[PDB]
Visitor: 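Pasting a structure below so you can have a look.
To find a chain, count down the sequence lines: A is the first, B the second, and so on, and within it residues start at 1.
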Amino acid sequence: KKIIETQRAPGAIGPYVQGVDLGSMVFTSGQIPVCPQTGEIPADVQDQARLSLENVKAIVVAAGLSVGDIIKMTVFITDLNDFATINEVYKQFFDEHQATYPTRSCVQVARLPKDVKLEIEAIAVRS
Amino acid sequence: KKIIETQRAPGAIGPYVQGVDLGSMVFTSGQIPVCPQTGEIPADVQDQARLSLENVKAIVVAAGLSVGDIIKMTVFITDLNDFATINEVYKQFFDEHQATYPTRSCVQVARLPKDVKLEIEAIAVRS
Amino acid sequence: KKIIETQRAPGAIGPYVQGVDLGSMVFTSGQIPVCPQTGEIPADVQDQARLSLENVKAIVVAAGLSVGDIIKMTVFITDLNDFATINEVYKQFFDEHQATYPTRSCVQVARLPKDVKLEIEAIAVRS
């Protein structure tokens with residue numbers, strides 16, 4: 001097992017790491033829509049959805065994998081009224097990478113770190 | 001990295017697949033109590049709990065595994081008043097398949113897709 | 001698979017086992033701050049955070065692993081205003097065991113079993 005560290009996702013500040021590479025599989029921490037260059041959160045849910053996905057991608061790529069290697073995500077959201085919009089961004093993200101859609105669970109939680117609108121964790125496999 | 005597709009669980013609404021088979025282990029998407037034939041959601045939570053579990057089972061069996069190969073579930077619910085009823089159905093389901101109980105997490109979320117009362121994801125292993 | 005059972009973590013109430021050992025990987029059930037000897041839930045969030053973590057430790061140890069083998073934690077909580085206290089206890093727990101921090105997701109849910117303030121599920125790997 002090996003820690004994943006990348007400047008292309010928000011840095012871990014505290015008692016977790018961005019990702020862990022087990023060889024056969026990679027786990028990410030839950031990624032929130034904080035911009036790694038600014039430490040700020042875009043207000044618009046479309047922009048948050050894209051940025052959470054970009055943060056996940058940065059970690060998977062730092063491990064030497066690709067978006068197409070992601071096989072499970074969990075998408076925690078604060079408002080299911082945002083779901084159709086989040087889904088559209090998510091679908092286009094995978095389509096743009098010519099990637100098969102992963103398995104997914106999606107639930108509306110009460111609140112997320114920094115009052116973001118979503119948090120996404122991923123599991124990828126090394127094929 | 002084989003996709004699992006079965007008509008005995010609801011077809012994928014959004015950008016996800018029902019299950020993925022990695023060879024050593026199978027992940028399902030979070031299953032909601034939607035009838036795969038009719039698209040209907042049963043009104044009583046006893047019926048929703050059974051249907052969510054049948055939907056999980058369909059995907060696991062589609063991968064060539066059994067209920068007894070399920071090693072972890074997460075049960076997301078909207079009302080802890082439903083918990084005893086859900087636990088009863090869940091226990092009977094595993095017992096009917098002569099299956100040891102998996103590990104489990106259970107939490108009450110704010111809301112679920114299609115306003116269902118529960119969503120269940122699973123991980124199964126192939127020995 | 002092998003079931004993990006220890007009297008050092010609370011006994012299963014519902015239809016679940018404490019842990020499952022797959023050889024390369026161990027999964028725990030979501031651990032809540034119930035005292036394994038008395039059944040009591042401590043009132044204070046610092047004490048709940050410590051107890052949940054000890055319950056995770058008991059199961060990972062029963063599998064022949066240790067805290068430093070944990071690679072992912074999901075921390076479901078009822079109030080993000082508790083997070084600073086929870087995080088300090090969590091950091092101290094890993095630091096006391098000279099353990100690299102795992103990946104993590106943290107979200108605020110509506111409610112948890114037995115009205116606890118947090119529930120922590122772990123995944124560990126056998127190196």
Visitor: Search all heavy atoms of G68(C) against all heavy atoms of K1(A) and return the closest pair with its distance.
Guide: O-NZ, 2.9 Å

Visitor: Heavy-atom count check: over 12 atoms from other residues, nucleotides or ligands less than 6.0 Å from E96(C) CD?
Guide: yes

Visitor: What do you reckon, is CD of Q92(A) surrounded by more than 12 foreign heavy atoms closer than 6.0 Å?
Guide: yes

Visitor: Check whether more than 12 heavy atoms from other residues, nucleotides or ligands sit under 6.0 Å from atom CZ of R126(C), and answer yes or no.
Guide: yes

Visitor: Is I3(A) in contact with chain C via its backbone, its side chain, both, or neither, using a 4.5 Å heavy-atom distance?
Guide: side chain

Visitor: Report yes if some heavy atom in the side chain of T28(A) is under 4.5 Å from a heavy atom in the side chain of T103(C); otherwise report no.
Guide: no

Visitor: Of the backbone (N, CA, C, O) and the side chain (C-beta and beyond), which part of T78(A) lies under 4.5 Å from a heavy atom of chain C, both, or neither?
Guide: neither

Visitor: Just to be sure I understand the criterion: a residue of residues 112-123 of chain A counts if one of its heavy atoms is under 4.5 Å from a heavy atom of chain C. Which ones qualify?
Guide: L112(A), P113(A), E119(A), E121(A), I123(A)

Visitor: Using only non-hydrogen atoms and a strict under-4.5 angstrom cutoff, which residues of residues 81-91 of chain C touch chain A?
Guide: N81(C), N87(C), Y90(C), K91(C)

Visitor: Provide the closest heavy-atom pair for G30(A) versus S105(C) in the form atom of the first, atom of the second, distance.
Guide: N-OG, 3.0 Å

Visitor: At a heavy-atom separation under 4.5 Å, does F27(A) approach chain C through its side chain, its backbone, both, or neither?
Guide: both

Visitor: Heavy-atom distance under 4.5 Å between the side chains of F94(C) and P15(A), does that happen here?
Guide: no

Visitor: With a 4.5 angstrom heavy-atom cut-off, which part of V107(C) approaches chain A: side chain, backbone, both or neither?
Guide: both

Visitor: Got a second to check how far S24(A)'s OG is from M25(C)'s CE, nearest 0.5 Å?
Guide: 6.5 Å

Visitor: Of the backbone (N, CA, C, O) and the side chain (C-beta and beyond), which part of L80(C) lies under 4.5 Å from a heavy atom of chain A, both, or neither?
Guide: side chain

Visitor: With a 4.5 angstrom heavy-atom cut-off, is it the side chain or the backbone of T74(C) that approaches chain A, or both, or neither?
Guide: side chain

